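2 protein chains.
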Amino acid sequence: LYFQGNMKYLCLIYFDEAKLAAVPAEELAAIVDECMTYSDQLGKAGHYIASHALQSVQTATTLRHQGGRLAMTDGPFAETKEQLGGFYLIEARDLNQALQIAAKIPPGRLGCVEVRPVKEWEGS
Amino acid sequence: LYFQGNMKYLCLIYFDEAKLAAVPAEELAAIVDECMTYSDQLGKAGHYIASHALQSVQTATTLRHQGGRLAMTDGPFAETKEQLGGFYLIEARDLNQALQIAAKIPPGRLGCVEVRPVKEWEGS
Numbered sequence: 001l002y003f004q005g006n007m008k009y010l011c012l013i014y015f016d017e018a019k020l021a022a023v024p025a026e027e028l029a030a031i032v033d034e035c036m037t038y039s040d041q042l043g044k045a046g047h048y049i050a051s052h053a054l055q056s057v058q059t060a061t062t063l064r065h066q067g068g069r070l071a072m073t074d075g076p077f078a079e080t081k082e083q084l085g086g087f088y089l090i091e092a093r094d095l096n097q098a099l100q101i102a103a104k105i106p107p108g109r110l111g112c113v114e115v116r117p118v119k120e121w122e123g124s
Numbered sequence: 001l002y003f004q005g006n007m008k009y010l011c012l013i014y015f016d017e018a019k020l021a022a023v024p025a026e027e028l029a030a031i032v033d034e035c036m037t038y039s040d041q042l043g044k045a046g047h048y049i050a051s052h053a054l055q056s057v058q059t060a061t062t063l064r065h066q067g068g069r070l071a072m073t074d075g076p077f078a079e080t081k082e083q084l085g086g087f088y089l090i091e092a093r094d095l096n097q098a099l100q101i102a103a104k105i106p107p108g109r110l111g112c113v114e115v116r117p118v119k120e121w122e123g124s
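Line by line, the protein sequences give chains A and A'. A prime marks a further copy of an entry chain. The entry's author numbering puts the first residue of the first sequence at 1, with every later residue one more than the last. The entry's author numbering puts the first residue of the second sequence at 1, with every later residue one more than the last.
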């Protein structure tokens, strides 16, 4: 007998925010539409778990535990070339299938998509 | 009449993977337990939506759309001092309440927690 499935993967959508100005507003809207349509197809296929587009890192607030002290700072965890702009939490039969799905995430064309397996293996 | 709530926030858990070796294995296990207990309390309170610990960035695979070409590379989106090691997707009345919850995420003590509002505002 084998443990019964449910391999989940976090598909991280990374892209330079400073380049959304260069992208025509109408095409940017298309990505949003294709994204809703893709999520629906994923849902019907049984892959969809959750997904969200994130607001600018400018809206972020970071909390860091230093000594035993908590410090609050404006902005993201760190300055990076590409910021985390959204994610898709899915379940697939394996990493290869997860990559096939991630390759189709619409917003991913704005930069890249990092596929990371989660630790939790739900099943029996 | 006001639009009816459901403000969601992504609490990103960041920490240097190279320092999990320095953390005593037993204390590391405690964090895992406090984490399960905290998720349960969050669930009962109505804040919990989803949460996952991520496997090492070594298990990551990144997909990037260049010209019209898709390139696959081993590893994360980029090399950073602290890697994204997990997340909590929650809903709170506002950012201040979201920060109060994030300040209590157990794994957050390994580095920092970035709280980012999602774009989607579900309700009516």
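Using N, Cα and C, we set each Cβ at its ideal position, and we do this for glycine too.
Residue from the options whose Cα sits closest to the Cα of residue i
i, options, result
"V115(A)", "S56(A), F87(A), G67(A) and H52(A)", "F87(A)"
"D94(A)", "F77(A'), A78(A'), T59(A') and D40(A')", "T59(A')"
"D74(A')", "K119(A), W121(A), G67(A) and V113(A)", "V113(A)"
"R109(A')", "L1(A'), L28(A') and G5(A')", "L28(A')"
For residue j and residue i, the rounded distance between their alpha carbons
i, j, result
"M7(A')", "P117(A')", "8 Å"
"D16(A')", "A25(A')", "16 Å"
"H65(A')", "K44(A)", "26 Å"
"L10(A)", "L42(A')", "21 Å"
"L20(A)", "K19(A')", "35 Å"
"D40(A')", "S51(A')", "11 Å"
"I49(A)", "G67(A)", "37 Å"
"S56(A')", "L1(A')", "47 Å"
"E79(A)", "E34(A')", "30 Å"
Which residues DSSP lists as bridging residue i, in chain order
i, result
"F15(A')", "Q83(A')"
"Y88(A')", "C11(A') and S51(A')"
"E114(A)", "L12(A) and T62(A')"
"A71(A')", "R64(A')"
Contact set for residue i: own chain, Cβ-Cβ below 8 Å, skip 5 residues either direction
i, result
"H47(A')", "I90, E91, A92 and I101"
"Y38(A)", "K104, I105 and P106"
Cβ-based neighbour list, residue i, same chain, cut-off 6 Å, excluding 5 preceding and 5 following
i, result
"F3(A')", "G123"
"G111(A)", "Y14, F15 and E82"
"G85(A)", "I13, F15 and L54"
"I31(A)", "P106 and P107"
Contact set between residue i and chain A, taken where Cβ atoms lie within less than 7 Å
i, result
"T80(A')", "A78 and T80"
"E114(A')", "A60, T62, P76 and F77"
"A103(A')", "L63 and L70"
"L28(A')", "What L28(A') touches in chain A: nothing, since even the nearest Cβ is about 13 Å away."
Cut-off 7 Å between Cβ atoms - residues of its own chain near residue i, not counting five sequence neighbours on either side
i, result
"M72(A')", "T61 and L63"
Contact list for residue i against chain A', beta-carbon separation under 9 Å
i, result
"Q55(A)", "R116, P117, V118 and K119"
"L99(A)", "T61, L63 and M72"
Per-residue contacts from residue i into chain A' (C-beta, under 8 Å)
i, result
"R109(A)", "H65"
"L95(A)", "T61"
"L10(A)", "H52, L54 and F87"
Chain-ordered neighbours of residue i on chain A, where CB pairs are closer than 8 Å
i, result
"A50(A')", "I49, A50 and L89"
Proximal chain A' residues relative to residue i, where beta-carbon distance stays under 7 Å
i, result
"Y14(A)", "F77"
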